[PDB]
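To begin, one chain is listed below as structure tokens, in the form deposited in one PDB entry.
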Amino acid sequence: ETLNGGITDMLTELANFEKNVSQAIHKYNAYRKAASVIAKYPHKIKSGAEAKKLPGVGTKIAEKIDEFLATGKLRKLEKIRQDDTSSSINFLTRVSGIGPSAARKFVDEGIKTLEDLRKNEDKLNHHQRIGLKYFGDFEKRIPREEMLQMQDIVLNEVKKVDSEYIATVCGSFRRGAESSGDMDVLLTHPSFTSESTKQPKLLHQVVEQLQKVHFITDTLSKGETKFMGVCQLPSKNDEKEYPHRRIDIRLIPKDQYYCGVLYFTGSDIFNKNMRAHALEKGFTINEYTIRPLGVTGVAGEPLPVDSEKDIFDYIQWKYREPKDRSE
């Protein structure tokens, strides 16, 4: 956690670099399990050889561990860090829509800058266009104060369209968070569940409304169950317009709301921990259900959930307010 920090951090740098600038999923996977194991290791790695004993660590990495242990750096790292091409890819990649694959390509063609990207908006698809368009806004955190106004809006319309709709803003925001990266609304309806052959308009009706009143202002991707746009707070009485925020909305079979809802509220750790718990308690939990475990090794049989509570009760735990779902 801090005993092996540099080593891991270096290893991760290396990893990430393989995967992105180069297409070396292997090396790239190497550096990762290595970085994974050395992390767990309960003592101070004092040399390569020591590390070397570790599963996942071989001659390659050890040698890096030495250089790094020896002199506070690493050449490859010093080289990579400096390297234009490499830096370029790491950056383009910042744009919503541009992955590594495309980042490599662009660069190859000579697009390395945001400006480059402009002059060639043409080479970019829709997504990427928006991403480039709101690059600044997209990189900004969402102040909870604002989250509150947005939630205020989304809920109201959802309702207006159909009062039968159940919407919940999930994420860190749900967990008390001072700021957030983007708004994630979870949604379901009664007439929509596990079996009931869909109802696409269900997602659509609402999306339509949001755009209708100008809350949603762009569409990165809209399908029958997941919508992925951009929204914005009505820039009040001039002088202060609001930044463009990422927003996602997902339809859910009512019969699998809360599990999902649980899930997305996080945190990543409370989850795991919640999940690990259910196991002892004779269960299993996943993004959609909670099935009683059977002794034969495994089992199925989706238990009936009406609220976050039921899930808890099942595993016989203490209802934990989102606020404290931090771990």
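Here, rigid core means the biggest group of C-alpha atoms that superpose within 1.5 Å across both forms. Note that residue numbering follows the sequence shown and begins at 1.
Using the rigid core as the fitting frame, the root mean square C-alpha deviation in 7 other deposited structures of this protein is greater for 229-237 than for the other of 229-237 and 148-156. Once the rigid core is used to overlay the structures in 7 other deposited structures of this protein, the stretch among 75-83 and 187-195 whose CA atoms lie farther from this form is 75-83. For the segment pair 176-184 and 69-77, the entry gives 69-77 the higher mean B-factor, averaged over Cα atoms. For the segment pair 123-131 and 209-217, the entry gives 209-217 the higher mean B-factor, averaged over Cα atoms. If you compare the C-alpha temperature factors of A49, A30, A39, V261 in the entry, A39 comes out highest. Annotation for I45, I290, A276, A62: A276 ranks highest, by Cα B-factor.
In this PDB entry, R246 carries a Cα temperature factor that places it within the lowest third of its chain's modelled residues. Among the modelled residues of the chain, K236 sits in the highest third by CA temperature factor in this PDB entry. Per the PDB record, residue ranking by Cα B-factor puts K198 in the highest third of the chain. For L54, the recorded CA temperature factor ranks within the middle third of the chain's modelled residues.
Ranked within its chain, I166 lands in the middle third, by CA B factor from the PDB record.
The form solved in complex with a small molecule is left out here; the points below concern that form.
From the list 83-91, 201-209, 149-157, 167-175, the contact stretch for the small molecule in the entry with it bound under a 4.5 Å heavy atom rule is 167-175. A heavy atom within 4.5 Å of the small molecule in the entry with it bound is found for exactly one of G223, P234, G181, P100: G181. Although the partner is absent here, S36 sits far enough away that none of its heavy atoms falls within 4.5 Å of the small molecule in the entry with it bound.
Not displayed here, the small molecule is approached by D268 to within 4.5 Å at the level of heavy atoms in the entry with it bound. Taking the partner from the other structure, the small molecule in the entry with it bound has no heavy atom within 4.5 Å of any heavy atom of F283. The closest heavy atom approach of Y263 to the small molecule in the entry with it bound falls within 4.5 Å.
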